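**Q** before I ask anything, here's the sequence and the deposited coordinates:
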Amino acid sequence: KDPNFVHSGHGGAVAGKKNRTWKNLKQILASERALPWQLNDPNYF
DNA sequence: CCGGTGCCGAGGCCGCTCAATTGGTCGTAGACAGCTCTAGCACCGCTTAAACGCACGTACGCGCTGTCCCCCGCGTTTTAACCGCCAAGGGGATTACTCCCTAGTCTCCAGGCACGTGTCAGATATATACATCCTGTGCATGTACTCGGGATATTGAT
């Protein structure tokens, strides 16, 4: 009745006390900024 | 007899003449600016961990909201003790002067307790299992408020 019954978490807050859904968008962009983007490389910034 | 007129007396003007006030200049000395480490030390950067702060429903009373009845407020009257003004007697706080004396300066001396560090140990935070004292609920009854009538003051007018 469902595609899968063995669905696994992708970094939720079941263990810790962080946000249950996912990281905040500001945090997502802050983490993505750490990538060694090239000088002419496109990004979300 | 009354009235013009000189003489004297007083009021008005103006002006110094002099004695008391207050901003400006000279001057020197202890104390606000300002490095100089230092110094160790709080403050900042960088991590997580836990909980309290926050938001969503949801139950459930305590504030707003509508109707009759008198008790207190409003408004009038007269009148009287008080407020406000005035005036005089006299005491005492004021003002000024000389004389005395202890505050103020600074100097010297020195021993008592502020003040910091170093050591160590027992009083106190903290977690967990135990349990019983205080609290919401329910309910009998009696101390106290109320109404009514008779004492004892308690004021005012002859």
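**A** Here it is on my side, so go on. Numbers count the residues shown, from 1 in each chain, chains lettered A, B, ... in the order given.

**Q** contacts and neighbour counts: CA atoms only from here.
**A** Fine.

**Q** which residues sit in contact with the closest residue to residue A:19 other than its chain neighbours?
**A** Among residues not flanking residue A:19 along the chain, residue A:13 sits closest, at 5.9 Å (C-alpha to C-alpha, 6 or more residues apart in numbering). The contact partners of residue A:13, by C-alpha atoms under 8 Å, 6 or more residues apart in numbering, come to A:19-22.

**Q** mind checking how far residue A:6 is from DNA strand B?
**A** 27 Å (C-alpha to the nearest atom of the strand, to the nearest Å).

**Q** kindly report the same for residue A:31.
**A** 11 Å.

**Q** give me the neighbour count for that residue.
**A** 10 (other C-alpha atoms under 10 Å).

**Q** could you say which helix or strand holds it?
**A** Using DSSP states H and E, residue A:31 maps to helix A:25-32.

**Q** for residue A:36, same thing?
**A** Per DSSP H and E, there is no helix or strand for residue A:36.

**Q** any idea how many residues pack against it?
**A** Using other C-alpha under 10 Å: residue A:36 sits among 8 other residues.

**Q** so how far is residue A:42 from it?
**A** Separation of residue A:36 from residue A:42 (C-alpha to C-alpha, to the nearest Å): 12 Å.

**Q** around DNA strand B, pick out the residues from chain A.
**A** Counting by C-alpha under 7 Å from any atom of the strand, the residues of chain A close to DNA strand B are A:16-18.

**Q** how does it look with 6 Å?
**A** With C-alpha under 6 Å from any atom of the strand as the criterion, chain A meets DNA strand B at residues residue A:17.

**Q** for the nearest residue to residue A:11 once chain neighbours are set aside, phi and psi?
**A** Once flanking residues are discounted, residue A:11 sits nearest to residue A:22: 7.3 Å by C-alpha to C-alpha, 6+ apart. Dihedral pair for residue A:22: phi -170, psi 180, per degrees, to the nearest 10.

**Q** residue A:22 reaches residue A:9, doesn't it?
**A** No. Counting by C-alpha atoms under 8 Å, residue A:22 stays clear of residue A:9, with 10.6 Å between them.
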